[PDB]
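Asks: Below is one structure. I have some questions about it.
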Amino acid sequence: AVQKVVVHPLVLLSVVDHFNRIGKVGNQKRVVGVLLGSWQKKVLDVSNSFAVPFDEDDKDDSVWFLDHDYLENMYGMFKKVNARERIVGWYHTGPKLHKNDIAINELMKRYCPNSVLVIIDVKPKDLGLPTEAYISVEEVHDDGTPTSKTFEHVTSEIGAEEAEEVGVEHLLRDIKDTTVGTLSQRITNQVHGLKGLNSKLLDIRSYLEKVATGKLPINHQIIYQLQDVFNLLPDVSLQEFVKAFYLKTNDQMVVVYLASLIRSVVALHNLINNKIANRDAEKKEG
Amino acid sequence: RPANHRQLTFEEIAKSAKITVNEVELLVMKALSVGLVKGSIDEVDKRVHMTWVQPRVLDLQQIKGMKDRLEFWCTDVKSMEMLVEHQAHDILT
Amino acid sequence: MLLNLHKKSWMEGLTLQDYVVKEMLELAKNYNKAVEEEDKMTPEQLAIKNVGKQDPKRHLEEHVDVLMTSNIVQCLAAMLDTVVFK
Amino acid sequence: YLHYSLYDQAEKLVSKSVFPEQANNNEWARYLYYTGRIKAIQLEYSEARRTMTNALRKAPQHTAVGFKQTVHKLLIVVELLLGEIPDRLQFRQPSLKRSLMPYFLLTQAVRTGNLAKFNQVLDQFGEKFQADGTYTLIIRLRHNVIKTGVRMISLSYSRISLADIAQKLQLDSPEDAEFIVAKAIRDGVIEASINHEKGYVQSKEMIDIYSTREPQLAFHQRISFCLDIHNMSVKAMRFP
Amino acid sequence: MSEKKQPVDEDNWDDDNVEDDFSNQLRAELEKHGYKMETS
Amino acid sequence: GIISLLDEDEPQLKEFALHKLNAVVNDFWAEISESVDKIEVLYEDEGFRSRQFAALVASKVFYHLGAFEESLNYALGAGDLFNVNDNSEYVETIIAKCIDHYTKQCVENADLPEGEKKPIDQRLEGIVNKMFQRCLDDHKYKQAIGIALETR
Amino acid sequence: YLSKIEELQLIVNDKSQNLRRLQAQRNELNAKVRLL
Amino acid sequence: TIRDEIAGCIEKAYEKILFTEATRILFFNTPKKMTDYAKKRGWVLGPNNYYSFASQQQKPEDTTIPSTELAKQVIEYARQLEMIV
Amino acid sequence: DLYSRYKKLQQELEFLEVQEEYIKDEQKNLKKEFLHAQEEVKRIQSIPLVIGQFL
């Protein structure tokens, strides 16, 4: 079923433009819409989406309204102008999930069995990653209830397409591709280190909050079971890579000998050209 | 056991395992064939070697390991990432 | 946000997922020998005489920046153990 | 002042405004020559060999009347004071030969250990060098003998015995030999543990210079020198 | 070039290393060496 | 070799010793260069009656070295011999840099204009208006207007 | 006689001017490289 | 000012006597003079060991923790590369 | 004029040291501009090139 996708930011501006439709007139403040998807491979693909006129109330939080002419025959007009594009799922804002999610899940599964919805953000100043993807399966529980359609998560990703940045990257002008060595990786350093260990500070903080008052992750024991996958390295009180003592010595070995030899040859590049070119063009006095 | 001892003795094996000194090789090679651990044992001195394993919780609600390793590691790589920034302060320039 | 999702998508690596580090240096020392001898063979035949002839064929040998940026990558990615670890 | 006043090297010490411009490099070269004579009379030798070899190799000079030669002879007098010196065939210009008529037989006395040659070169061939000042090698030419010998034997032998290294050179006694083993260390030389019952010495050769951490401990400083030359390239661009 | 103090002051010659090694060491080079094998 | 004489705490040979100091002060520069502590001993003494000329031989050794805040301290604790002695490069270089300290002191005095400024020795400005009396008697309009606006 | 010769010392300043002028020339080099 | 390097290598309660080397202190077989000297201010080495069983130098033998500070040298080396370009 | 000449030499100095920084930044900029020139022109690659002849 759905594992990873290919999503192009035309859906993203197709979120932001309906956000422009309902922002200044803001009464129900939310952009919820339908994700058309050119379902090609096990990897998914989107090149179109539309936002349904929609509301969602708070009391009993299951009142919600599609527009089935706008849902059926607009999709039919779309199928006429593009039969390759068909339905694959939907999207919404308000990243806090709620109870009506499973109801629009019930209706999104009858259009496509392996459907997937998209939690968005209207202002990602994130780490970051873009918007979300789920997968709706039935695992029911260890509880014995009638069918639990709890939202399982698909790892979301982004693809690409020819000729779709032509004016936009022209407008930004701040494009800097080939500079890895000063900045493009230290951003990732700051990002994965700080932003991963602060998500891990949310892990210790949230799960010690579960220790205090919370779930205390029993019966999803994959939490600490997977912290064991973290605990491949225990690092006990001498930090325990004194077996990697000589291994790290042999790792420092190769690259630092590359450093010494190669950068001496890099000097032999730089200095000779600099001195000869400068002495020529300097002693030519006119 | 509070690791950093992973290559170790055999009498604790022959004591807790309720097995003898001799029958630890059957023990380790059959336990590798089972598939809960995959480390090739240093067999010349009956010295254990281990890999991935399945956990049964740490300190009573995982206080101690979580704090003193996870958050210690958090502030380790976080603050030394700040040190990476500190020496890489204006190499972005 | 498309600037973000261009140097976060349309340039590879979603930044958790970059930090190839070594086999690229095997291939790169292949580079830093094969490029090197050709950087050697040519400027022997520079204007070692006193001629006033003015007609160059242009090839701009130099090969500096490949070495430079690739080996900054190699040193700070050999840093990855002491960086991400402790 | 080394002719006639002697307080003033310590006043140079507080006066050492380094002046790293060294534009002529000739004045700076002979400046290193004078202060290398100082560290020779300050008995600093391991610094003297590198800084005086530097002072020689920064002389681009010509005119083989004996300028570079006569300055270079008293330069490598510090190598006569090291305990180690090669054969001086790689150093002689035959215009210096009339002055080094003592000096070749002196370095023969260095490579040998003859007290006859020692005192004979002293009294006979101690002329023309007192004008430069030479008599601090006569006290420790014996040290030069014993360090040359212990260098040959030490790199030659993993284990030696004490009461036969007491008869390799013109030594005196096994107590003099244990004495001279401790004085052969004197700084941190290669491992020589005495077999402290009766096995004279249980010395062995030392290891781990293979290619492991000590060279890559120093290669940061090697390429620190190389980046200093890259600063020289930057200033090469900055010269116009 | 008066440098202010210094004005006051391969025929047979690469072999000199070997010869000063061999001054009082194997001064004949063979006339004991050819006769060593009958010493013991 | 005068720290041997500085073992004595009676000043009645220290007059002979300071007359030796300004005699062979060009030779024994490294003599005082670690003896600055005993210079401070004879300086901070309230019974040694040559602490001003101790500050002057301190001015000699920190003229051999060239320190700034030391010259500020010699403006402080040299007093009369800091003021009337002004016909020498030895004194006019160090007081020239002290006038430079004064003009950046006037920069400070124009940094914040409402009270609470940094303290000023009356001697570092005593040499200012003392040198300015030479500017008034010199009467040149450069001499007036220059120092009149250097002070801001 | 401090306020005479500092003016002369302000030509160490003028060394930055030559470097400024010449890197302005260096930019002027790339100006028609980019025009090409 | 006659020295104590043999006390810094093999002494400190036993080598039966180091008498036959003419060292001034190392005479006087066992009065409290050289007993005081064999126990003088400790056992001149210091931590973790005696010379009753010698360290043979001092026992430093630390680690290759300085691989991490040469890694720091690499960090400011790359900084100096950036300063150079 | 030793109060006003020594005033304004400093002024024109600080002027030119500001004015150096402009061209320092432009020299930082135009190398990036020339690299963008290089690669974004050398995307002239094989858009499905045709076989012909050269005369």
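All residue numbers given for chain A refer to Swiss-Prot; the residues shown span 5-290 in order.
Header lists the method as electron microscopy, 4.2 Å.
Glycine residues also receive a Cβ, built from the backbone N, Cα and C atoms like all the rest.
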Asks: Which residue among A:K46, A:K103, A:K204, A:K219 does Swiss-Prot mark as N6-acetyllysine?
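Replies: Annotated as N6-acetyllysine in Swiss-Prot: A:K204.
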Asks: Of the residues A:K33, A:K63, A:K214, A:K279, which is given the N6-acetyllysine tag by Swiss-Prot?
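Replies: Annotated as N6-acetyllysine in Swiss-Prot: A:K214.
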Asks: Where does A:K214 (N6-acetyllysine) sit by DSSP, helix, strand or coil?
Replies: helix
Asks: Between A:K204 (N6-acetyllysine) and A:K180 (ubiquitin cross-link), find the distance joining the two CA atoms and give it rounded to the nearest Å.
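Replies: Their Cα atoms are separated by 31 Å.
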Asks: Going by DSSP, how much of the domain 'MPN' (A:9-144) is helix, how much is strand and how much is coil, in residues?
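Replies: Helix, strand, coil within the domain 'MPN' (A:9-144): 38 helix, 26 strand, 72 coil.
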Asks: Are there any residues at least 6 positions away along the chain from A:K214 (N6-acetyllysine) with a Cβ closer than 8 Å to its Cβ? List them or say none.
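Replies: A:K214 (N6-acetyllysine) has long-range Cβ partners A:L220, A:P221.
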Asks: Does A:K180 (ubiquitin cross-link) have same-chain partners at least 6 apart in sequence with Cβ under 8 Å from its own Cβ, and which are they?
Replies: A:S188
